[PDB]
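A single chain, nothing else alongside it, follows as structure tokens in the form solved without the RNA.
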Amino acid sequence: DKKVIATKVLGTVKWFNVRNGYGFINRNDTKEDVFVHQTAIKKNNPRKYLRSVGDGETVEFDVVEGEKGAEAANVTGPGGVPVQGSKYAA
């Protein structure tokens, strides 16, 4: 079932481009850049369905092997709570 390089780690989203549908999350545990995709967002805000991630927000995610090296997966907010998302999305 794929390879997991790292488990639920906390990282700060440097930025996430909604148009690109992807962004980069800086791992705050290893200080390594991690690639995140909108399909890596397991939970979305229930008030509004957004495929965006809040920039500057600290989120928790698992690290799995990606074609770019490391890919974030199961991206959720702290405690497994839904991500707020970007201020403006969709």
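The first residue of the sequence shown is number 1, and the count goes up from there.
Below: the form solved in complex with the RNA, not depicted.
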Contact flag, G69 vs the RNA in the entry with it bound, heavy atom cut 4.5 Å: yes
4.5 angstroms heavy atom contact with the RNA in the entry with it bound for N20: yes
Quick check on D62: any heavy atom within 4.5 Å of the RNA in the entry with it bound? no
Given that the RNA is not shown alongside this chain, does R51 nevertheless sit within 4.5 Å of it in the entry with it bound, heavy atom to heavy atom? no
